[PDB]
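Q: How does the following fold in three dimensions:
(chains A, B, C, D, E, F, G, H and I, ligands or ions: 1)
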Amino acid sequence: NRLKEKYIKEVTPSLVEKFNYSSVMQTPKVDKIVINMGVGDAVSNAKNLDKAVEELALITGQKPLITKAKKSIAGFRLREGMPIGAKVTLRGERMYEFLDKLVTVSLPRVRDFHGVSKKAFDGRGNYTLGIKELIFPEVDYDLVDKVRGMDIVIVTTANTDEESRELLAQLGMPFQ
Amino acid sequence: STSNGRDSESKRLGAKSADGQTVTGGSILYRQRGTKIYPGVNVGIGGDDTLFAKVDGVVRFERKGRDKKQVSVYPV
Amino acid sequence: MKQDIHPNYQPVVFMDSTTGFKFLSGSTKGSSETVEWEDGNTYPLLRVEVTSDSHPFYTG
Amino acid sequence: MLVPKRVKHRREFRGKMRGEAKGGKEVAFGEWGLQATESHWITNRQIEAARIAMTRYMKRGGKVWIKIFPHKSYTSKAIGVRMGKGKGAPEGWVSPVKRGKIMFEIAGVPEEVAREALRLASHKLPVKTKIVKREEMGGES
Amino acid sequence: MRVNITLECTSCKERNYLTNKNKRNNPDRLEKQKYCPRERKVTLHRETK
Amino acid sequence: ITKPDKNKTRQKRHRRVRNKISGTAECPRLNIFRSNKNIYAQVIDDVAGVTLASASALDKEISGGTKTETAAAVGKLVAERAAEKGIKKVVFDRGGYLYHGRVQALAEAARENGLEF
RNA sequence: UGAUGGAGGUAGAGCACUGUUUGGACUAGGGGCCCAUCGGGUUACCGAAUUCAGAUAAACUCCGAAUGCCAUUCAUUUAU
RNA sequence: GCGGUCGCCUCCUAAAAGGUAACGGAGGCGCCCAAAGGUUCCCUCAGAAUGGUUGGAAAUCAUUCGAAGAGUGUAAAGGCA
RNA sequence: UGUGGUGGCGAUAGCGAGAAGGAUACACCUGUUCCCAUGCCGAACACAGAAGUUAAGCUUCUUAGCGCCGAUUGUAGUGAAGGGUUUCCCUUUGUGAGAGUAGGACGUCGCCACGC
Ligand SMILES: [Zn+2]
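A: Numbering: from 1, shown residues only, chains lettered A, B, ... in the order given. Here you go, the structure:
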């Protein structure tokens, strides 16, 4: 892709210069994207889960899981075994291409351009971004009729805020 | 008018064999309910967690490091 | 990849009102436009020409 | 009839105890304290009386330490009910004191008000007392 | 609810075995490859009607 | 992200296999050890802890690539060095592994050359 | 009787767990009353996260005694 | 006499082998499961902190700490990572 | 002597913190057509590989901060023998714990292989 060759050519050695790694094996990388859609309303209607799986299968290349319940609470009106959410793991080359799509397409479909929200800090290279909405090219008005969103959990091998910021920054992520 | 005073019966646990006995085949050694002592050489566990004596010999008790103990038989 | 359980997606090229960067993949289809050997030999019909170049984080 | 120091039960009844002997358990917080020299139960209300006879010589507060608290319960039958059936109703909250748990402690006040306060405290408890400082202390930080 | 039940050798026709079922979970008649004493052979046993 | 190093789980599965029966007085163990490049084998009693016969993957005589190719060769050489000492009823260690290659070749080549299972 | 071996949770300690509980420090933010009608949150319990010293228990245990108890091709004495 | 109780199972009383009464102190039982059984593989929990769209202290997520603070069809002991 | 595999002995073997190494070896590491796999996912599992590195693991060495093992004392309790009030305490003879430690402790022993 674009980004692997960016690693092999330009992204790595400047980050090596900023911190003086005695081995190239200490280049921090990008592993995962976890995508989640908690619903809550699908307990009332089993037809709510009919569409989110379709949307996530269109945005990703995978059918997501159908997540369990882990609890039994009537104050949140849940038994065990309740189908609530949907996980998408992402590895390999679809990682980089989905981040390419996030750079080129998603972020210029945001109302009220102010920048990517910084404060996902967490110390240990774990930036998550809530997504509220039609921010994707594989989506119709006449198909999507709900106000569902998305979830991004990118987990790295970095150890600071700063190295994680520069991993996300040399690859994109236009923060505020 | 009390709502108490009702009992189980004494089911008579505890070791029924010393160290250094001369023990025939199959006789019980230490009757449990719950694994308090694991078996060792030539000793098996019954359905109700008792202990046997397969080979004829001498009962001796040991350790398993720090926590729990063993029973084993050594023949002549 | 476990079989029979995945949607369809292909090397779908991008086109754009600013220069049409011909690089990436996608899933949607349509009319055969850029079956071009240096790039994805498939549909380029990711053609919402919202640029990520006319917006003043990339633009200034 | 109001109990100064109730508990949270876990159990309505307990056995009637059997107290022999203790020792040690020196003055820790304050500077002037009693020592029980005997062995009895001590009920709730005696500690109220000890509080009030402590404080009504104390002026503008001072320092009051209570180091003994009721835990256990009594029962009793009615009047005229034969021997026979189950235990009586739980009434009161009592805790035994052996030879030498320090009853209370005082500090911040010179000795004379302190010894008056401890004489007033000792004449409302059924146990003989003494008066102790941090007398022989190698641990004083 | 739960009724005592006896099995049936499907060849020599003797009431061999006995077990228990819960007849709202399992309204049918069971089929297990049990043993036969009279024949010394594995035989598909079924519920006595 | 922590990545648990793979010998830990291999040794956990060993300890959850070895605790049934070693029984190695006259019917000793076999032993099977992966790497990223080679294969090792030992035949041990208890509680002397002595390997009576052994053979590497590619430290004595090779055949080809570090494959099932080698595994058949090692399963040859172990039993060929073994039955000279008179061993018949050896017991497998599964290691902490499963059976999709590089181990069952050793198993089958241990079967044909004189070792009973 | 003497020697040797183990079975075990009694007396006392009884803090580590589960119950009952005494005073200090700390805030993380509950702080009802705030200054309020834009940042300082003033007092109080500082309760839970803690963290100090200090008690305690038939159905509490990190530990744990004398004695009896079961056995020994063991030794002495005695008569079952 | 009126009341209460009559068989079985756990714990304390029970004096550290076993046994041991009182109209002493406490809780259950007269079932359930065709897999909640047998074998063979694989796996490790409750919580706590920190961010994350509807999201609320507490649904679904991600990271770290964590010998158990969980679970074990059913009451209690004894067990079981 | 190193390095790897594999055993017992109560963590005196541990935890935490600090340093060095890549001969051979182990592992990370490049992939997935093949045997296989994912309740989705080459992360694992399984199969192919020799581009790169001691960065982590692994191995050696330092530390008594944490956890562990801890003598001799005394004291509480107690068999036997007694004595006063019998709620309870005291005296002879035998036996003695727990807390508190001075101290020990950053392993010991076994087999095989490959280099040295
Ligand atoms: Zn028949």
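
Q: who touches stretch A:110-127?
A: Residues outside stretch A:110-127 that contact it (C-beta atoms under 8 Å, 6 or more residues apart in numbering or on different chains) are A:28, A:107, A:128-129, A:135, A:153-161, A:163-164, A:167-168, A:173-176, C:55-57. C-beta: built from backbone N, CA, C; applies to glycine.

Q: Just the buried subset of those, please.
A: Buried residues within these, defined by neighbour count using 16 or more other C-beta atoms under 10 Å in any protein chain shown: A:28, A:107, A:135, A:154-158, A:163-164, A:167-168, A:173-174, C:55, C:57.

Q: Tell me the one among the residues you listed nearest to RNA strand H.
A: Closest to RNA strand H out of the buried ones among the contacts of stretch A:110-127 is residue A:155 (4.6 Å), distances taken as C-beta to the nearest atom of the strand.

Q: Can you tell me the number of residues neighbouring the closest residue to chain A within chain F?
A: The minimum distance from chain F to chain A, using C-beta to the nearest C-beta, falls at residue F:1 (6.1 Å). By the criterion of other C-beta atoms under 10 Å in any protein chain shown, residue F:1 has 11 neighbours.

Q: contacting residues around it?
A: Applying C-beta under 8 Å, 6+ apart, the residues near residue F:1 are A:31, A:155, A:157.

Q: all helices of chain F, in order?
A: For chain F, the helices defined by DSSP state H cover F:6-18, F:68-82, F:104-112.

Q: Mind putting those into a markdown table with distance to residue B:56 and mean neighbour count?
A: As requested, the helices of chain F are exported to a markdown table (distance: least, C-beta to C-beta, whole Å; neighbours: other C-beta atoms under 10 Å in any protein chain shown):
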| stretch | distance to residue B:56 | mean neighbour count |
| --- | --- | --- |
| helix F:6-18 | 29 | 12 |
| helix F:68-82 | 36 | 21 |
| helix F:104-112 | 38 | 17 |
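
Q: Mind putting the ones you listed into TSV with distance to residue D:110?
A: Formatted as TSV, these follow (distance: least, C-beta to C-beta, whole Å):
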stretch	distance to residue D:110
helix F:6-18	69
helix F:68-82	93
helix F:104-112	92
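
Q: residues near the spatially closest residue to residue B:25 that is not a sequence neighbour, how many?
A: Once flanking residues are discounted, residue B:25 sits nearest to residue B:56: 5.8 Å by C-beta to C-beta, 6 or more residues apart in numbering or on different chains. Close neighbours of residue B:56, defined as other C-beta under 10 Å, add up to 15.

Q: My understanding was that residue B:56 contacts residue B:27; is that so?
A: No - with contacts defined as C-beta atoms under 8 Å, residue B:56 does not count as touching residue B:27, sitting 9.7 Å away.

Q: The residue of chain F closest to chain A and residue D:109, how far apart?
A: Residue F:1 is 64 Å from residue D:109, where distance means C-beta to C-beta, to the nearest Å.

Q: wait, isn't residue C:47 in contact with residue C:15?
A: Yes - with the criterion set as C-beta under 8 Å, residue C:47 and residue C:15 qualify as a contacting pair; they are 4.8 Å apart.

Q: The spatially most central residue of chain E: what's it in contact with?
A: For chain E, the residue whose C-alpha lies nearest the mean C-alpha position (C-alpha atoms, centre = their mean) is residue E:7; its distance is 2.5 Å. Residue E:7 makes contact with E:15-19, E:30, E:32, E:34, E:45-48 under the criterion C-beta under 8 Å, 6+ apart.
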